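Undergrad: Below you will find the structure I want to go over with you.
Where a number appears in this text, it was derived from the coordinates with a stated rule and is not lab data. We place every Cβ from the backbone using ideal geometry, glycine too, and count neighbours over all the protein chains shown.
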Amino acid sequence: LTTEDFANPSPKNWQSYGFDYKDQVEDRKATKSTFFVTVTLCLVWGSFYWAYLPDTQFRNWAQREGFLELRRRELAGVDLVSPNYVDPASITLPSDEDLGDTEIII
Amino acid sequence: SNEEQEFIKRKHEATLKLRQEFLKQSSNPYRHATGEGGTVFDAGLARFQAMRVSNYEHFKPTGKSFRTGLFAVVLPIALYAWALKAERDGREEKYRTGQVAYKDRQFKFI
Amino acid sequence: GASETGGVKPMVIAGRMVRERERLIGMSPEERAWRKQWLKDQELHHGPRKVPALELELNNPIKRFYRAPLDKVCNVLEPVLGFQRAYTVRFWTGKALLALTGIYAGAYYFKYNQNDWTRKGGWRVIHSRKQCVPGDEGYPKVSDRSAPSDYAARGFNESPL
Amino acid sequence: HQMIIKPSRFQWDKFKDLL
Amino acid sequence: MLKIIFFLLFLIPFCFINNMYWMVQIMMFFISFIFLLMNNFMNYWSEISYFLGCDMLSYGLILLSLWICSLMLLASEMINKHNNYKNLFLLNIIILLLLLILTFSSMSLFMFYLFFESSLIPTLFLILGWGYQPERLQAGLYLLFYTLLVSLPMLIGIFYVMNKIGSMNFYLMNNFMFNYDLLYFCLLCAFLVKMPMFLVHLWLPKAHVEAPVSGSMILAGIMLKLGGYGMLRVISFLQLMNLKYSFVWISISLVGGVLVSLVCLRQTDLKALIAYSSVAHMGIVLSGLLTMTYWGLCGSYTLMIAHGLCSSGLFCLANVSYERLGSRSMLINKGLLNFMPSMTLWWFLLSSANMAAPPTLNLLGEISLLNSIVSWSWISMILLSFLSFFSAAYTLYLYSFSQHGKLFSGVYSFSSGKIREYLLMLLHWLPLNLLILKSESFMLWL
Amino acid sequence: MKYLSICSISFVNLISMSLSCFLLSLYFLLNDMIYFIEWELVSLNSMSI
Amino acid sequence: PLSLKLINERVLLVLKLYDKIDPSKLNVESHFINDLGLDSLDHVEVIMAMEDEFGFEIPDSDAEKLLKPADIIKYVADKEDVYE
Amino acid sequence: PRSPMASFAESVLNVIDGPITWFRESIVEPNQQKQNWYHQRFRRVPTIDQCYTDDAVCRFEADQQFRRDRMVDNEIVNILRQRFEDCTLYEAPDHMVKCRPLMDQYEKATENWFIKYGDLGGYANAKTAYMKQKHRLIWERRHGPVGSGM
Amino acid sequence: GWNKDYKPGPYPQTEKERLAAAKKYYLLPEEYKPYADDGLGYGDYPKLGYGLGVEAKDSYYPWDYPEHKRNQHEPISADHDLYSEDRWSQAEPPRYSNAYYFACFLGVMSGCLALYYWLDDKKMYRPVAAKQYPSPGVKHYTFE
Amino acid sequence: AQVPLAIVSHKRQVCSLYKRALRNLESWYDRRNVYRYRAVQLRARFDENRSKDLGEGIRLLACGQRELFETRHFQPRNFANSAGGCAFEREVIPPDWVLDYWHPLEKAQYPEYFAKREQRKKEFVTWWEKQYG
């Protein structure tokens, strides 16, 4: 090979991409389509979809309901956080003779 | 000693033959021109690989191996499990008895 | 056929003479001639030529689409200040425009669409009280907020609910 | 100007431009 | 759901058509995009279709399965360049991905078990078919016999739970609680082998090495997480007994994490060192799972998601040096900064993801896991510091010795890096930093 | 970066950022004023990363 | 940038600054033991003189393999990679 | 305007504030349609104690309102902590005196959160907190308050 | 050409097996030295130099591989990782023993901790009183 | 291509001890005139001692090795460009066959250099066939 062969490279001496090693047509089509289905679909349009995803978890609703509840609980003034799951008068506790020897856990 | 110089000379002749083999095989233009990547075939690299992989075939349950497997693996596992169980039982009896207050207990996840 | 090596056979050329310790233990004069020929071959007289196919393949059409008007700005200033002094003022025009665009976008975002009580994921800005010295308006000054609801409101006090 | 022996960086630049 | 399952079922006839290798990964990334779209999930089961439904843990695991299989078709171009059986490889990958989607979207314990032990046969087929080693028979037999030996009595445990309760659904079985030792051992030890312990690991470093690249992706990417998903489904009704017997497994997992992290400093293979590296991080996952906290469960789910990407991305990096330098030996792999300098970006970006890294989801999984284990006992601060120090003591060794230093003499000429490989290691790292954004998705499954 | 020095680009960029940060630091000493902005990532057990 | 004539001038300058070597008897092909009267420790002094002059380290085998100033010129020109 | 630095900062603030206010009131504020979005309100389904053991319809609904009440109470504790943080920033030298009622309210909130949802684990059903409340009220009946128990 | 072909074999009980194993590992018979017959110890593999690491070996020797400092077909040591150039190797042998270094360091540390924590309540002070801060209940006086 | 032989003579041993002793003396004494004075003192110490026999020379050589090990400097002076120095092998030159794996459009930037390389390839393959073929 001489100087003018390297100065103007032949179009038949083509360096392949990673996808196919038989013909140049299958390299370009698979390269452009694989970059289409990963970058501009799964990473950009999918991330744009996940940015404007609605409240699947209710974390925004939890913050709004927490702000409204802290507005209304300190107005009543009973408890900012309620310690009891149900009302202590509504729950019917068993008697000491009813329990006997049962493991009370605290 | 005169026996040392003959041994060193024989080792140098063997090293010279292996060096000539390496200079023949490392700059091979045909093996470079095949295009498939690889390395010059070194025996000691394959011996090191099979030394690192296969080791059960030279293993026997002796007292030295039992002492190594006891003091290296089983004893720190046993001491760590005993320490964790003792600390958790000592904290759990204080938690279940009621010796700690509600607002004075560590790790409330709050 | 796909040629990864450009159609020529890849091989080493300089041989065992690339190592400094193999150069010193002994040289045949054919190896001296080969090393001298390799060192005369490794020198370059002129620089690399501007291959347009590398610039064509290494630039997507979107890059040319968003770099065309600044390229026109650099080309219209090309005979005035030369190539080196016009590419500098071209490169520090678009980058200054990008910096001012980022500054204006960040200013608009942090003072018009900051985090409020209806959203968790925004940037929640908390500011401290400015120091008041005499010569300012209202030097006898206490804390304006005193209620627990005024602290960390995030715009809850102007809620329609 | 001695010519430095560097590996090929065409594929990385083409990957960057395609990305 | 049924859309993804019928999509893969009608993608099955793509294998029998000639010159159809690259369209299947295109349609797999398209159905991964569609699965990115269907994200209306909360902590309970949604999109209930017959016996198939999905919650947030199942959503993240199916999305990880689809991403790992879509990159698994992208990594294996050696199957496409040779005339190795592309149709059988594509059929095995589609069948295995369908079985993983079916065992993760299972509403009940039994269908989870059935597709869970159906999944090991295509992994067996990939290991004994497409590997490049004489010890593939030692690789697949260890895996199958370990998992089968510990998973057969789990079936007796599963029907004992069915006979005591009546149902197979996860929610109705969450109500009940059992106080039996042997039921706990049956329903736990199969997952305790399926994720790596210290004592039961053996199938892992002798099945990762002798497999193909695709066996390495499917083993370190999603099939160390079948056991994690199984323990996340089983631990809810075995709380009293695991609180009695969890100190043994947590102590064994922590000391084994320290010891296996000491093993990797004495490893001379790239593919074996990542194989033992999967043992150390899943030891932290196992130690944080049995504390039953909110933070332990959430950080375990986050670290399994963030580990299935990074370990698979490290296993792609050891493949692209094995294809060119001809061996997986660590002595041969030296100075690849001067051979492939553009690859060294992805080596350090995926080796840093194996340790604590600033933008990755692995740190957010590791922070939320060390919280629960330090909260569990104060004695664990001694050995979590040693384990998390030794983790980057060994993980920096693989990047340092493979990607820095003098070059290995006597290496023949190989090809340069390719755009497919740069794209393959691009999609193993940009999910790791794009998922800290919307991280309440991939963490709060409860 | 082509036809130019990346060191010169980084030099001019970091002098501009250093001058901006210095002129911001002089404004924050006149008022003794502290700002603290917060970006939520994930919230659980009333604890926010 | 060096030359063979320059390195030859370096070697003859250092060997003619040695007071135990007569500059009339000194030559590029002169042997260090048979032609010139030098001790076994004098050649080590010459070797460390060339080390301090040329700014590298000469090993002991390459110290004992040098017997002429032209050998020192050939050893320096091979290490510092000049032939013209 | 009383300092060269203050005048320079005022000029920089005016140059910053001008074009963005022009872009909002000139472009963003016109052509924006008016729509109404609402805060979601949930009715109170009866809890885990007012239904039978064999019914799984009540267990799902009471578990869902227990999860919702957990997220709301977590936001109560989070807002009460952010109030203390804003007290610390706004009252920068004198944070010792003013932030004490807020810190006491936050500590009471943490204590009540650990009463209700404390030590439940990762799998906290609505029935688990109810049985914890039953055992806590029994231990309060027979052993007094926890912290001085026998 | 695999791991099952080239591998360490059984231990050389007899001398002819030792000669065959020495010729197998490209080592002269006098150099070859197998390991012990214990449970941990390898069989048939040579015991190479465990004296000091790769940095002790001659860097001026012309090696076939300048990295790892070894020639072609030379048997790699079994603990090549521990005795590598990177970790736990010295170019020259150390001047002192291993315990002298730690002994001097913890001796200086124990002396400094002891002499500091003995003098922790003998801090000096200027001829100065307590700093007077104004209180609404307690008043203070000047000297004029 | 003379590979060095591993046997070391007794005169080579005492020459290496003399070289290492003067290198340690240069490390200890930084000023050149004081180092020259101490070097002449050490040369006189060697020159009063070279007339002894072989076994006494071997024993006193071992004693001198022990003395030089005892007086060894903690930071010995070494040349930076040589092996073991402060800046040895700071850059690593890859072999030239990676130049054969360039793109042809990247090969077009140095066409005279690549044509000379392709000319030199035939000379190298005939030289390799002459040498090892």
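Undergrad: Across segment E:1-51, which residue is surrounded by the most Cβ atoms within 10 Å (Cβ to Cβ) among those that are part of a strand (DSSP E or B) and polar (S, T, N, Q)?
TA: Ranking the qualifying residues of segment E:1-51, first place goes to E:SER46.
Undergrad: Further, regarding this structure: I'd like to verify a number: residues in segment I:1-19 that are surrounded by fewer than 15 Cβ atoms within 10 Å (Cβ to Cβ) and within 28 Å of E:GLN133 (Cβ to Cβ), how many?
TA: Summing the residues that are surrounded by fewer than 15 Cβ atoms within 10 Å (Cβ to Cβ) and within 28 Å of E:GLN133 (Cβ to Cβ) in segment I:1-19 gives 6.
Undergrad: Related question: Say we look at segment B:39-52 and pick out the residues that are assigned to a helix (DSSP H, G or I) and surrounded by fewer than 19 Cβ atoms within 10 Å (Cβ to Cβ); which of these is nearest to the chain's Cα centre (by Cα)?
TA: Applying the filter and picking the extreme gives B:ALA50.
Undergrad: Scanning chain D for residues that are more than 13 Å from C:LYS63 (Cβ to Cβ) and assigned to a loop (DSSP other than H, G, I, E, B), which turns out nearest to the chain's Cα centre (by Cα)?
TA: Filtering first and then ranking leaves D:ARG9.
Undergrad: Here is a further query. As an exercise: evaluate B:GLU36 against (1) of a type outside the set (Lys, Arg); (2) surrounded by fewer than 17 Cβ atoms within 10 Å (Cβ to Cβ); (3) more than 14 Å from chain E (Cβ to nearest Cβ); (4) more than 27 Å from I:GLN13 (Cα to Cα) and give the number of the one condition it does not meet.
TA: (3)
Undergrad: A further question on this structure: Give the residues of segment J:90-131 that are over 23 Å from C:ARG49 (Cα atoms) and in contact with a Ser or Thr (Cβ under 8 Å, 6 or more places away or on another chain), sorted by residue number.
TA: Of everything in segment J:90-131, just one residue is over 23 Å from C:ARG49 (Cα atoms) and in contact with a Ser or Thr (Cβ under 8 Å, 6 or more places away or on another chain), namely J:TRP128.
Undergrad: With the structure loaded, tell me whether C:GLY138 is part of a loop (DSSP other than H, G, I, E, B), more than 9 Å from every other protein chain (Cβ to nearest Cβ) and not charged (D, E, K, R) or whether it fails that test.
TA: Yes; evaluated as a whole, the condition is true for this residue.
Undergrad: Is there a residue in segment J:66-83 that is within 28 Å of B:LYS11 (Cβ to Cβ), within 14 Å of chain C (Cβ to nearest Cβ), in a loop (DSSP other than H, G, I, E, B) and among the small types (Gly, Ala, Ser)?
TA: Within segment J:66-83 (the criterion being within 28 Å of B:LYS11 (Cβ to Cβ), within 14 Å of chain C (Cβ to nearest Cβ), in a loop (DSSP other than H, G, I, E, B) and among the small types (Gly, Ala, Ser)), the answer is yes, since at least one residue qualifies.
Undergrad: Using the structure shown, decide if B:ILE77 is at the interface with another protein chain (Cβ under 7 Å from one of its Cβ atoms), farther than 28 Å from E:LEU331 by Cβ and either polar (S, T, N, Q) or touching a strand residue (DSSP E or B) at 6+ places or on another chain (Cβ under 8 Å) (or both).
TA: no
Undergrad: Follow-up question, since we're still on this one. Looking at segment H:33-150, what helices (runs of 4 or more DSSP H) fall wholly within it and have at least 2 residues that are touching a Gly at 6+ places or on another chain (Cβ under 9 Å) and either at the interface with another protein chain (Cβ under 7 Å from one of its Cβ atoms) or of a type in the set (A, V, I, L, M) (or both)?
TA: By residue number, H:57-90, H:126-143.
Undergrad: Still on this model: Just give me the residues in segment A:36-48 being more than 7 Å from chain E (Cβ to nearest Cβ), part of a helix (DSSP H, G or I) and closer than 19 Å to E:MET425 by Cα, in sequence order.
TA: Result: A:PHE36, single match.
Undergrad: Hey, among E:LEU96, E:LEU71, which residue is within 12 Å of chain A (Cβ to nearest Cβ), within 26 Å of E:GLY140 (Cα to Cα) and within 22 Å of the chain's Cα centre (by Cα)?
TA: E:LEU71
Undergrad: Another question, then. Can E:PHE247 be described as farther than 23 Å from E:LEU57 by Cα and at the interface with another protein chain (Cβ under 9 Å from one of its Cβ atoms)?
TA: For E:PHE247, the condition - farther than 23 Å from E:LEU57 by Cα and at the interface with another protein chain (Cβ under 9 Å from one of its Cβ atoms) - is met.
Undergrad: Among the numbered criteria (1) closer than 21 Å to C:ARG23 by Cβ; (2) surrounded by fewer than 17 Cβ atoms within 10 Å (Cβ to Cβ); (3) of a type in the set (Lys, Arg), which single criterion is violated by G:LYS79?
TA: For G:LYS79, the failing item is (2).
Undergrad: Among the residues of segment H:44-69, how many are closer than 20 Å to A:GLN57 by Cβ and either touching a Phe, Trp or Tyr at 6+ places or on another chain (Cβ under 6 Å) or aliphatic (A, V, I, L, M) (or both)?
TA: Number satisfying all stated conditions: 2.
Undergrad: Based on what the data block shows, is B:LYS94 free of Cβ contacts under 8 Å to residues at least 12 places away in the same chain and within 7 Å of another protein chain (Cβ to nearest Cβ)?
TA: Against the criterion (free of Cβ contacts under 8 Å to residues at least 12 places away in the same chain and within 7 Å of another protein chain (Cβ to nearest Cβ)), B:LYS94 does not qualify.
Undergrad: Determine the pairs where a residue that is within 11 Å of chain J (Cβ to nearest Cβ), located within segment G:20-48, has a partner that is exposed (fewer than 15 other Cβ atoms within 10 Å of the Cβ) with Cβ atoms under 6 Å apart, the partner being 6 or more residues away or on another chain.
TA: Hits for this filter: G:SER40/J:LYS11.
Undergrad: So, one more: I'm checking my understanding of the structure. Among residues of segment E:322-334 that are assigned to a loop (DSSP other than H, G, I, E, B) and either among the basic types (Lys, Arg) or in contact with a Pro (Cβ under 8 Å, 6 or more places away or on another chain) (or both), which one is surrounded by the most Cβ atoms within 10 Å (Cβ to Cβ)?
TA: Checked segment E:322-334; the qualifying residue surrounded by the most Cβ atoms within 10 Å (Cβ to Cβ) is E:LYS334.
Undergrad: How about segment E:285-306: which of its residues are facing chain H (nearest Cβ under 10 Å) and assigned to a loop (DSSP other than H, G, I, E, B)?
TA: Residues satisfying the conditions are E:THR291, E:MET292, E:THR293.
Undergrad: If you take the residues of segment J:42-65 that are among the polar types (S, T, N, Q) and within 14 Å of chain G (Cβ to nearest Cβ), which of them is farthest from G:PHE54 (Cα to Cα)?
TA: Of everything passing the filter in segment J:42-65, J:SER51 is farthest from G:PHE54 (Cα to Cα).
Undergrad: Of all residues in segment E:166-177 being within 16 Å of E:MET107 (Cα to Cα) and of a type in the set (A, V, I, L, M, F, W, C), which is surrounded by the most Cβ atoms within 10 Å (Cβ to Cβ)?
TA: Within segment E:166-177, the match that is surrounded by the most Cβ atoms within 10 Å (Cβ to Cβ) is E:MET173.
Conditions (1) in a helix (DSSP H, G or I); (2) more than 7 Å from chain C (Cβ to nearest Cβ); (3) over 29 Å from E:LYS406 (Cβ atoms), marked per residue:
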| residue | (1), (2), (3) |
| --- | --- |
| J:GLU91 | no, yes, no |
| J:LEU99 | yes, yes, no |
| J:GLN119 | yes, yes, yes |
| J:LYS122 | yes, yes, yes |
| J:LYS130 | yes, yes, yes |
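Undergrad: In segment A:49-89, how many are facing another protein chain (nearest Cβ under 7 Å) and among the hydrophobic types (A, V, I, L, M, F, W, C)?
TA: 11
Undergrad: In segment G:52-84, how many residues are under 13 Å from the mean Cα position of the chain (by Cα), in a helix (DSSP H, G or I), within 14 Å of chain J (Cβ to nearest Cβ) and not hydrophobic (A, V, I, L, M, F, W, C)?
TA: Selection size over segment G:52-84: 7.
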